[PDB]
Structure formats: structure tokens, C-alpha cells
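Asker: Below is a structure I'd like to ask you about.
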Ligand SMILES: NC(=O)c1ccc[n+]([C@@H]2O[C@H](COP(=O)([O-])OP(=O)(O)OC[C@H]3O[C@@H](n4cnc5c(N)ncnc54)[C@H](O)[C@@H]3O)[C@@H](O)[C@H]2O)c1
Ligand SMILES: NC(=O)c1ccc[n+]([C@@H]2O[C@H](COP(=O)([O-])OP(=O)(O)OC[C@H]3O[C@@H](n4cnc5c(N)ncnc54)[C@H](O)[C@@H]3O)[C@@H](O)[C@H]2O)c1
Ligand SMILES: COc1cc(/C=C/c2ccc(O)cc2)cc(OC)c1
Ligand SMILES: COc1cc(/C=C/c2ccc(O)cc2)cc(OC)c1
């Protein structure tokens, strides 16, 4: 900047307004198959090489497609998402957006999180939900929804998100693969780092889906039995799981009895009154010394400008947009709810991965 | 210590995919009138005071509205866009998203760029274009546009952007206000920092609109005659201006004769062959020792990870999305075009403001 500091203020303002460009560009680079080619490459590749390898079809305008991809990747290079090298061309190049010199690109480490295959410890499924147009369009109606005290999503589509999925099979698939992708990674990391399944006879997984989380947990605690508690329609679609009883119900009526209850990414959908109802049912269903295991992000007590804190408040806003009064909570807030619900002044927190903690409350 | 690394990398991937949240939250805080309250406030104010000052209307759910705005502001505070202080509540609170303690917010300096009339000059009209739904939607169709070698805009709406604006008066207004806003800031900055208007008898402003740029330029260089040259339909609606001749025409036919020709944000709309045609007309229009003055961003010849270079590549992708073959160019590329068009190996560059340079080529 011309110093000024005024100039840098101005450019900073523009950066803030333009923060959508990176996500949308990475999505394009993924969809085009360019990202997968960067992830399987032995060396830096030009846009021309990356297009020829990603795309089988004959392209109507092959030179234009190549210079556009170059421009995509050059921008991602300025944000450190890919590495760029520039070399002089012996002649002239028709597939670069510069005609002295060719740029070649390689994946930065972070790009492994966008892989379509591998062992599928990627966040791509969750990424195509985050950048799904149907979900993104809600973010344009925040203002009106705040004024009405409503969820932006419901102001955009006229019903709650979970109801809307019922009318939209493709979005419903994107949503379920994202949730399953996330649950897969957290469950593996939970089994690596968390010790609070040891000694449990019966684990109730509230929102257990097809019961895969209980299966994977039981793979490690063979003597443990599980209750996959989920809505009657979700229970129905579930194949039998050795050691696991599938039970249908609403967590608002009742939760099955067990030594521990697992709530993964449940309470953040709901406001305090609903969360105190879920936790009171957790209470009545446990014996003394039984616990709730809450798998959730935890927002700091004050808005720190760190990578973790930003991530957390960003998930908060995603809950705002999605559900309105669903929210991300501090540890203190999780504690207050657990205490309102009758749980004791005995709190454990174990950091798992990607801002998810396992918080444990004891009856 | 490679768990830390895997975790950091994963969070960085999520940050990259979630970078739309900031722009969209800023838009909400502005549209709600909260940003202007921040900009005129004496001290830090709570979301509840900010909503009470910004909203005249009566609200159906005022507590919910307040806690939602708190959540928006807390997130912007984690991005350093606003300042936040936290104080214990010695009473009874449900208008922050925590009951123990109230957050109060103040504007960071960067927020003056988001003024409606809050604090001064601002890039709000430009940002309302940037975050306009119609323009943003195009970013979702980059993948297919690349494959067909087309502008994402054309692939989303079935025709080019200038065509489409003719059929959408509200968006045509948004587009024109953004360009007037940016032209106004840059003209003022040009008169502070640029010295290439001195000694000119006749300056031709190609695309001059209603002729404000020459008026303000004449406001400083009294003996300068302007020619405000633009499309016949734009010249129709222009009130007279002392010392400025309004001439309708197209720049691809002819340019009026002059000592200098000003091209502000014209060449970046067009591919090389179109830019060389514009500049060859600029050539023929000038006497020897006359100048073309180009007002443009200038990309670095390599993708540096600085605020400035990211800004410039961000504008290049905006041109890609909007026009396809519109592009930002390096200094060498601007030079190659000018020399193709007959200009001397005699090149000047003066940095203006918000990434804009005034480059001058001589005959
Ligand atoms: N604060 C609140 O908004 C609040 C508070 C208390 C109760 N509620 C409940 O919300 C209901 C909304 O009506 P409805 O007819 O759409 O709901 P419903 O008849 O399906 O009630 C069951 C509820 O369980 C939820 N649920 C989500 N995951 C679950 C899981 N794994 N297992 C069990 N239940 C799960 C569903 O979203 C659903 O809202 C009200 O009837 C009320 O009982 C809301
Ligand atoms: N790449 C090219 O140069 C290209 C493509 C097709 C045709 N052509 C030829 O070049 C000309 C371009 O076609 P057209 O008849 O649509 O021309 P035009 O006068 O409509 O110019 C096209 C665009 O340039 C801009 N423009 C032109 N002069 C301007 C001025 N004085 N101020 C501000 N904006 C201005 C406007 O946005 C306009 O939509 C024709 O004479 C045609 O034969 C050129
Ligand atoms: C004709 O000049 C233009 C400039 C612009 C600049 C937009 C822009 C976007 C983001 C920024 O940070 C700065 C400018 C856009 C245009 O068509 C939509 C045309
Ligand atoms: C029920 O749990 C949900 C989790 C989420 C998680 C989304 C997300 C967004 C960005 C990230 O960086 C991580 C997760 C979204 C939901 O509705 C859209 C529901």
C-alpha cells in the first residue's frame, strides 16, 4: 500500500467483502478434476497438462479452458493453496494467460483434505455441503430473518431444514454424506484419543443413524453393547449390527437406559430450552455414575482471533443460518445446561480433533 | 508432534472452504443498520443497544433479534472487524448469547469503508455489487463455463453481462452506482497523487458517464478542456459541464483528438485484440509526445501471497466470471499491448490507491 494506512484499510475492506472467491474457486478446481490431478502428480504441472489429464472429453474451446484454469490456480497460488513455479518457454505458449513464461502448479499439504479417494480421511463431502448452492443462498437472507427472529434457511425456503430435506433427495444425499463423512473422521479420532468408553456396559447413541458409530466403537470395546436410538424412519433403513439394538423414538419423549448417552452434533441444533429437555431425559435414563458424552465444538469465552476460534464462531453462524436458535456454546454454557438438567458439578473435557471436544457430565 | 499438524491442516482446509461467511455477515450487519450505528457511536455498544438504535420498527421477537446480532458481531470480532469488550451482568440478561456477561462492540478502522453515510467516502456501493445475489450466483457455474470456454456469467444467464443489464433495471442501477463510487474515490486519489494532468490542453475521458471525472479534474486544472466521450445513450442524459465537451461515439471506431486519452477500467474488460484496437485508435487520436493514461490494477508477474497481489488476482477472477476474456494484466503485458499499437519504449507507472496504478504510454 502507498503506506497511507488509509490504502491498506481500503484493501482490507475489499478482502473482507471478497472472502467468497477462494471457496468458490477451490470448488471449481475440485469439480473440474484438476485438484485430483494435483494430488496424484509426481511434479508441478502446467494448466495445460492439468486440463489434458483431468478431462477426457474434447473441449470446444481448449485454449480458453486452459487459460481460465491457469487464472484459477494463479489466484489459489497467491493464497498459498497451491505452489506455483514459473519457467521461460522456448517459443510462445497459447495455454497460459502470460506469453513470456509458463506457470506450473503443485498441491500444498492442505489440499489432501479435498481428495475424492485415498483412504477417504478427507473433508470433501462436508465441503460440498458447505458450498452447496441451496444452503449458500440462505446466507443472503440473514438480515430479514434477524428482523423476524427466524432462521435464515426457513425464511428462504418456508420450512425448517430437516423438513426441507424430505422434499429434495439430491440435497438430502449431500447432507447425509457430509454428516457421515464428519462422523467417520470424529469417531476414528475419538477412538484414538478418548478413554471414556472404557468400562461401559451399554452406550446409547442418540441420533445413531444406521448404527455405524456403535459398530466402530464396539470393534474396540467388544464387551460393550449399544443402543442405536434414532427416529422411527431412520431406524428401518438400518441393517442389523452385532451387539446393537436399533430402537425408534424421539429424544424429546424418552431416551433408552444405559451407562452413558452419546450426543454427537445434536445439542447445537437446538436452543437452551430444547437442550435442557434432551439432557433431563438423558438424566432420567442414566443410573448414578452414568454420564452424557457430548461431542461438540466449544467456543471460547471471548472472541479470540485464532484459527480455532474463528472456525468455531463460523460454525455458530452456520447454526444461525440453518436453525436460527441452534448455536455453538462455551464450556460454561454446556455446564449450565447440564446442571439445570440435574447433572452434578463434575465436568470433564477431552479435545478430539478439528475443534470437536468430548464433554462428559455425570449424574 | 504430528497430531497438531494433521489438526491444523484440517482446520485450515475448513477455513478455506468457509471464507464466504465473513462477507455475508458484514452484509447483514450493514443492511440491518448496525454498521452505521457502530460508525457514529461514542463508545462500545451492546447488540441490544445497537439493534435499539438501528431499528425504528417494532420487532416480533426482539430478544432473538438481539442475540442473533450478538452472534454476528462476535464472529466479526474474531476476524478483527470489530472490537469487543466483555463485562459481568449484575442483573438479568437474555439479549446477548450468554447470560453471565454482556459483550459490547466498537468499529475497527476498516469499518469506515462500509459507511452508508456513517463516516465519509466508503466502498459500500461497490460491495453491494460484489455481494449482489445475481452477480454472486455466476461463481457457482465456473466449472461448466470453463469446459465450454465461456464466461460463467453467460453460462448462468444465457447472455453476456452488458446485454443482461439492459433487461434488469435494478441490477443495472447497482452496477452503475458501484462504478460511479469507485470512479469517484480513484479520481480524488488521482488528483492527490498523480501529476500527469499538468500542462495538458485537452483531456479525453473515454467512458466518462455524465462527465464528473473531467469536472473534478478541471476543478484542479482550470485551463484544461475536457472531452467526455462515451455511448450516445449515456451522452443524452448528461447535464452540461463548463469546459467539457460531451461527445457520443464508440472507442472501437474513433476517439476524439486530444493531448491525452484517459482509459479508466476499460482495457481489463477486453482481450488483447480488442485492447490493441482501442489503443490504436488512442494512437491515431493523439499528436506525437501525446499520452494514453491507463487506470488499472496491475498483477505481479508471479503470484505473491500479499494483500495487494491477492486483491489483484481476486479482481482477475471477477473479470473471468463476469466477461471470461476480460483479465487483469501485468506491466509487461500492458507494455506489449501499447507497443503493438505503435507507442514508444517509454513507460511510466504511478501508484494511485486501492491497487490502482496510472500507467502512461507516449507516441
Ligand atoms: N424449544 C423448542 O423449540 C422445543 C422444546 C421442547 C420440545 N420441542 C419439540 O419440538 C417438536 C417439533 O414438532 P415435530 O412434530 O416436527 O417433531 P417430532 O414429532 O418428530 O418430535 C421428535 C423430535 O425429535 C427430533 N430428533 C432429532 N434427532 C433425533 C433423534 N436421534 N432421536 C430422536 N429424536 C430426534 C426431531 O427433529 C423432532 O423435532 C414439538 O412437538 C416438541 O415436542 C421443541
Ligand atoms: N473484439 C472486438 O473488437 C470485436 C468483436 C466483434 C465486433 N467488433 C467490431 O468492433 C466494433 C465493436 O462492436 P459494436 O458495434 O457492438 O461496438 P460498441 O460501440 O457497441 O462497443 C462495444 C462495447 O464497448 C463499450 N464502449 C464502446 N465505446 C465506448 C465509449 N466511448 N465509452 C464507453 N464504453 C464504450 C460499451 O460497453 C459497448 O457495449 C464494431 O465496429 C465491430 O465491427 C470487434
Ligand atoms: C468495468 O469495470 C468493472 C470493474 C469491476 C470490479 C469489481 C471488483 C470486485 C471486487 C473488488 O475487491 C474490487 C472490484 C467489475 C465489473 O463488472 C462487474 C466491471
Ligand atoms: C446437525 O449438525 C449439523 C452440522 C453442520 C456442520 C457444518 C460445518 C460447516 C463448516 C465447517 O467448517 C464444519 C462443519 C451443519 C448442519 O446443517 C447445515 C447440521
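Residue numbers (UniProt numbering), protein chains in the order written: chain A, 15 to 377; chain B, 15 to 377. Yeah, the Cβ is synthetic: ideal placement off N, Cα and C, and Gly gets one too.
(1) What are the partner residues of residue 117/A, as DSSP defines its beta bridges?
(2) Any beta-carbon of chain A closer than 8 Å to the one on residue 25/B?
(3) Using a cut-off of 8 Å between C-beta atoms, extract the partners of residue 180/A located in chain B.
(4) Please report the straight-line C-alpha distance between residue 179/A and residue 230/A, rounded to a whole angstrom.
(5) Residue 32/B: buried (16+ other C-beta within 10 angstroms of its C-beta) or exposed?
(6) Check this for me: beta carbons of residue 335/B and residue 153/B, under 8 Å apart or not?
(7) Kindly say whether residue 316/B, judged by its beta-carbon, lies nearer than 8 Å to any beta-carbon of chain A.
(8) Would you call the region 251 to 264 of chain A in contact with the region 220 to 227 of chain A, where contact means no fewer than 3 C-beta pairs closer than 8 Å?
(9) Kindly indicate the opening and closing residues of the alpha helix (DSSP H) around residue 325/B.
(10) Output the residue ranges of the alpha helix (DSSP H) runs that lie fully inside the UniProt domain "O-methyltransferase dimerisation" (29 to 130) of chain B and measure 4 residues or longer, sorted by chain position.
(11) Comparing alpha-carbon positions, which option in 290/B, 72/B, 90/B and 112/B lies nearest residue 39/B?
(12) Please classify residue 60/A: is it buried, with 16 or more other beta-carbons within 10 angstroms of its beta-carbon, or exposed?
(13) Any Cβ of chain B within less than 8 Å of the Cβ of residue 137/A?
(14) Mind listing the chain A neighbours of residue 304/B? Cutoff is C-beta to C-beta under 7 Å, in chain order.
(15) So residue 157/B contacts chain A; which residues on that side make the cut at Cβ distance below 7 Å?
(16) Relative to the alpha-carbon of residue 87/B, which residue among 37/B, 127/B, 75/B and 136/B has its alpha-carbon at the smallest distance?
(17) Could you check if residue 134/A is buried or exposed, using at least 16 other CB atoms within 10 Å of its CB as the buried criterion?
(18) If you follow the alpha helix (DSSP H) that residue 291/A is in, where does it begin and where does it stop?
(19) Whole angstroms are fine: how far does the CA of residue 330/A sit from the CA of residue 318/A?
(20) With a threshold of 16 other CB atoms inside 10 Å of the CB of residue 325/B, please say whether the residue is buried or exposed.
(21) Can you tell which of 238/B, 196/B, 64/B and 340/B has its C-alpha closest to the C-alpha of residue 284/B?
(22) Tell me whether residue 235/A sits in a helix, a strand or coil according to DSSP, three-state version.
(23) Below 8 Å on the Cβ atoms is my contact criterion, and I expect residue 215/A with residue 239/A to pass it. Report the Cβ-Cβ distance as a whole number of Å.
(24) For residue 148/A, decide whether its Cβ has a neighbour in chain B, counting only Cβ atoms nearer than 8 Å.
(25) Going by beta carbon distance, what residues of the same chain come within less than 8 Å of residue 351/B, once the five residues before and after it are set aside?
(26) Mind listing, in chain order, the continuous beta strand (DSSP E) runs of no fewer than 3 residues lying wholly within the region 219 to 272 of chain B?
(27) Give me the Cα-Cα distance between residue 43/A and residue 322/B, rounded to the nearest whole angstrom.
(28) From which residue to which residue does the beta strand (DSSP E) around residue 375/A run?
(29) The alpha helix (DSSP H) that contains residue 170/A, what's its start and end?
(30) When you compare the CB positions of residue 378/A and residue 30/B, do they come within less than 8 Å of one another, or not?
(31) Quick one: measure Cβ to Cβ for residue 27/A and residue 127/B, integer angstroms, because I've assumed they're closer than 8 Å.
(32) Take the Cβ of residue 203/A as the centre, count every other Cβ of all protein chains shown within 10 Å, and call the residue buried at 16 or more, exposed below.
(33) Compile a chain-ordered list of the residues in the region 259 to 276 of chain B whose CB is closer than 7 Å to at least one CB of chain A.
(34) Please state whether DSSP places residue 214/B in a helix, a strand or coil.
(35) Taking Cβ-Cβ distances shorter than 9 Å, what residues in chain B pair up with residue 347/A?
(36) Just to check, is the beta-carbon of residue 144/B closer than 7 Å to a non-hydrogen atom of ligand 3?
Answerer: Taking the structure as given:
(1) DSSP lists 100/A as partners of residue 117/A.
(2) So yes, residue 25/B belongs to the interface.
(3) In chain order: nothing, as chain B lies at least about 24 Å away.
(4) 27 Å
(5) buried
(6) In contact: residue 335/B and residue 153/B (Cβ atoms closer than 8 Å).
(7) yes
(8) yes
(9) 321 to 337
(10) 35 to 45, 48 to 54, 61 to 68 and 76 to 92
(11) 90/B
(12) buried
(13) Chain B, which has a Cβ nearer than 8 Å to the Cβ of residue 137/A, makes this yes.
(14) Around residue 304/B, no beta-carbon contact reaches into chain A at under 7 Å, the shortest distance being about 27 Å.
(15) 42, 45 and 46
(16) 37/B
(17) exposed
(18) 286 to 299
(19) 14 Å
(20) buried
(21) 340/B
(22) coil
(23) 7 Å
(24) no
(25) So the list reads 281, 286, 289, 290, 293 and 343, once near-sequence residues are dropped.
(26) 239 to 244 and 258 to 262
(27) 23 Å
(28) 370 to 376
(29) 166 to 171
(30) With chain A running from 15 to 377 in the structure shown, residue 378/A is simply not present.
(31) 3 Å
(32) buried
(33) Against chain A - using a Cβ distance shorter than 7 Å - the region 259 to 276 of chain B contributes no residues.
(34) In the structure shown, residue 214/B adopts coil according to DSSP, grouped into three states.
(35) 111, 112, 113 and 114
(36) yes
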